[PDB]
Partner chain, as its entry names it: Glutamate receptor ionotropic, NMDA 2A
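A single chain, nothing else alongside it, follows as structure tokens in the form deposited without the partner chain.
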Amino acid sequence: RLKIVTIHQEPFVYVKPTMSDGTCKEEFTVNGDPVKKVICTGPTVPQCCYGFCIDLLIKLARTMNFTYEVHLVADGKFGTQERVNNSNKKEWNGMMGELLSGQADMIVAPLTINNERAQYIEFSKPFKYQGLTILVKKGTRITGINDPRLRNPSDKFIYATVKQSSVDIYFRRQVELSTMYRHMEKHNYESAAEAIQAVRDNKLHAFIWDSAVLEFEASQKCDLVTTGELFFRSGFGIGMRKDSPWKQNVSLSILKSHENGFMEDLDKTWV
């Protein structure tokens, strides 16, 4: 019974309360198809989880003949390396920390495959190809990471991302993006929800984040749109501890799904 850890992140993983009898409300898609849901414990009581990643998990479990139990990451984070003591060895938090500690056997979430994480865990082939993009108010046009309003910032156009995120780290390490980072570090938000709200409230002109997330957020709000070319393209993959016996088949299934329309069907169903 594999321990699956995930996190709230629509449309990949929705999190809702169970009904009074402890079950998940029976719901259907706009075309009458049943919405598959799994019970996921977390911040701790049983809750209802569903979405792109849950549909993927259900498919993998069926295809690979395994049972599982899902829980939401305890600290509500994806995972970054942080100094937590006087030693010289940083420690991973979020889902990365849980996978490495054994609290989880697989990370099933919109987790970016990057260099730092790849140094400690292994990933399946990507179940989603995306990259960083920009969220702005309808009518605003930004070409991409090279747009002057970003490279030559001023207070007339404020942009930012989420503090302590892997995206924040991406800019902090990009020497060529020092100018941008200096500007962002002065406006970064505590959470994506807050930043997205700030964009609708005209308090923030641009929010830099995952295109896989922003494309959905934009589709849900008419006053919001994504703009420009993607930069820092990346994939989302299932995380497992090194040398896992599940890796090969998880990867083969995902590659097969990209080739047989299954992944395209999830795209249409959830966005």
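Positions refer to the first chain, counted from 1.
Omitted from view is the form solved in complex with the partner chain, to which the following refers.
Considering the partner chain in the entry with it bound, the lone stretch of 103 to 111, 121 to 129, 70 to 78, 178 to 186 in range is 121 to 129 [heavy atom distance within 4.5 Å].
Proximity to the partner chain in the entry with it bound, taken as a non-hydrogen atom within 4.5 angstroms, holds for one residue of 50, 209, 216, 232, which is 232. With the partner removed from view, the residue among 191, 197, 174, 152 that has a non-hydrogen atom within 4.5 Å of the partner chain in the entry with it bound turns out to be 174.
In the entry with it bound, the partner chain sits beyond 4.5 Å of every heavy atom of residue 88. Although the partner is absent here, residue 19 lies well away from the partner chain in the entry with it bound, with no heavy atom inside 4.5 Å. At the 4.5 Å threshold, heavy atoms of residue 157 stay clear of the partner chain in the entry with it bound, well away from it. Although the partner is absent here, residue 170 sits close enough that one of its heavy atoms falls within 4.5 Å of the partner chain in the entry with it bound. In the entry with it bound, the partner chain lies within 4.5 angstroms of at least one heavy atom of each of the following residues of 249 to 268: 252, 255, 256, 258, 259, 260, 261, 264, 267, 268, in sequence order.
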